[PDB]
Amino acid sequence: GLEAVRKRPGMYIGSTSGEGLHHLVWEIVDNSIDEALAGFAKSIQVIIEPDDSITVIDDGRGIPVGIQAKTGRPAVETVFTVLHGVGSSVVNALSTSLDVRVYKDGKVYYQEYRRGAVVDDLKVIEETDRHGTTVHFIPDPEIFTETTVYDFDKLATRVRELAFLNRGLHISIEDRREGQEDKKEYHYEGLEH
């Protein structure tokens, strides 16, 4: 399974250089874009955290949390743990840690993984009035041996392109790193223009 991804990351993300590091962001963001395409997500936030980890927040329906007959596991766990808009488990495998929060039906469902391995069963941790999915991951320096430092301009350039290609979407990029905090928000208008 995912152990193959950790041993041959070049086959899954193309490169283990800075290019692969940035590719991880797109693998998660693309899933949020798919949920905007489905018609449910209206806004996506991408955040470079102070430690060069990444948080992606959308306001779509939330990844399904029900048990699948086929697997006996919650659908959300399978998304992150089974190799397959199909790249989430690759990002998981190539991260020291990934945590997912699903905001759905008034509850927050939470699961975390370490180098792709499940920490604990999906659990309800809070109540909520919002809906959507939040994925946070810390890229693995064992994999990304050249650099684990994000390029805000590189991310922002593509976020702007994604806003344009998905006209109507609100999408932002935020840098929370020391001495360089910044945020750019993009939204191209539809027929309301």
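Each residue number is its position in the shown sequence, starting from 1.
Of the other compared PDB entries of this protein that include residues on both sides, all give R114 atoms, none of them, and so not a third, leaving it without. Annotation: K123 does not belong to the positions left without coordinates in a third of the other compared entries; each one with flanking residues models it. According to the record, the deposited sequence contains 10 or more residues between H84 and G85 that were left without coordinates. Averaged over their C-alpha atoms, the temperature factors of 115-123 and 67-75 are higher for 67-75.
For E49, the recorded CA B-factor ranks within the lowest third of the chain. Only modelled residues enter the ranking.
Sorting the modelled residues of the chain by their CA temperature factor places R176 in the middle third.
For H22, the recorded CA temperature factor ranks within the lowest third of the chain's modelled residues. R130: CA B factor lies in the highest third for its chain, per the PDB record. Per the PDB record, residue ranking by Cα B-factor puts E146 in the highest third of the chain.
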